[PDB]
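In the block that follows, a single chain appears as structure tokens, in the form deposited in one PDB entry.
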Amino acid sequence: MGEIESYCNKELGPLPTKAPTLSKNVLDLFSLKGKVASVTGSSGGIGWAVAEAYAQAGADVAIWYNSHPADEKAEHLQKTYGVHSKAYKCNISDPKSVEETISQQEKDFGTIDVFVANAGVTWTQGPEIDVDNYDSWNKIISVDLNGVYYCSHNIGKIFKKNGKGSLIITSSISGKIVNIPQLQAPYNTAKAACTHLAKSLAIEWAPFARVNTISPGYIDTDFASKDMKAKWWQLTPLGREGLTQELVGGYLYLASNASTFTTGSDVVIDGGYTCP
């Protein structure tokens, strides 16, 4: 009695919750100064571009790696932008490794304000009907779904401990559409799972954090023939693949105070690919 109780999440407490106090200047909303970001898969590709953009925005950055040493990448951020950066080696497929890596990052930086769950794996084996060995399926799920959940489960405890945070899960247009002509049902499945995990966690963590996805389309960064890429261009309204530098604005948007009412959303950056 005497309380408007949420239908979504009672841990919100009596409603309405209070809006944050923000700068009246839109440009200040995007600064990450005074914040710690942890960006997985940041030894290259999208994760590196996001890690570097967050440093530009003023954030201390924990980069992750596994196959290739990124200590000099983390050192490069320190030297270039005057920000604390350290690199961490971890197999995202191993939940104990994730727990220890996250626990260690909390010690070195003090806290974590922004987390980017950036799971990189692809399915290149064609139609699944001819892949009788479930090791390919199971490897996609372990890295691209379980590995994303391990990171989320651990970072949510830190967000709740601190009463604040912003989790970004890197999904894909493959979470919304079925890629053609390269058939990759297992990858599309894990990415769709990622997208709806982010929305589910958005409800569960709303008293202490925001959760959103970025869904990139075809970004210029393997076994893609010229005639395959040609078909991608033909079906993309802008007519080309994107650049990693065209993703960083969306990742900064979701990481910062520019999006404090944005949760459970999927920011699609795909040159229009999902529209036809």
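Note that residue numbering begins at 1 and tracks the sequence as displayed.
Residue 113, modelled here, also has coordinates in every other compared entry of this protein that models residues flanking it, well short of the third needed to call it frequently missing. In the record comparison, residue 188 is modelled in each of the other entries of this protein that model the residues flanking it, with no third of them omitting it. In terms of unmodelled positions of the deposited sequence, the stretch from residue 221 to residue 222 in this entry skips 1 to 3 residues. The stretch 140-148 shows the higher mean C-alpha B-factor when 185-193 is compared against 140-148 in the entry. Higher average CA B factor: 48-56, of the stretches 246-254 and 48-56. The top Cα temperature factor in the record, among 91, 174, 166, 170, falls on 91. For the set 238, 209, 63, 228, the PDB entry puts the maximum C-alpha B factor at 63. Ranked within its chain, residue 204 lands in the lowest third, by CA B factor from the PDB record.
Ranked by C-alpha B-factor against the other modelled residues of its chain, residue 37 falls in the middle third. Ranked within its chain, residue 119 lands in the highest third, by CA B factor from the PDB record. The entry lists a Cα temperature factor for residue 155 that places it in the middle third of the chain's modelled residues. Sort the chain's modelled residues by C-alpha temperature factor and residue 129 lands in the middle third, per the entry.
Note that the form solved in complex with a small molecule isn't included here; everything after this is about it.
Annotated contacts: 66, 91 and 219 all touch the small molecule in the entry with it bound [non-hydrogen atom within 4.5 angstroms].
Using a 4.5 Å cutoff between non-hydrogen atoms, residue 249 does not count as a contact of the small molecule in the entry with it bound.
Among heavy atoms of residue 81, none comes within 4.5 Å of the small molecule in the entry with it bound. Although the partner is absent from this view, residue 187 contacts the small molecule in the entry with it bound, with a non-hydrogen atom inside 4.5 angstroms.
The shortest heavy atom separation between residue 46 and the small molecule in the entry with it bound is within 4.5 Å. The chain is drawn here without the small molecule; in the entry with it bound, the stretch among 155-163, 202-210, 100-108, 120-128 whose residues come within 4.5 Å of it by any heavy atom is 120-128.
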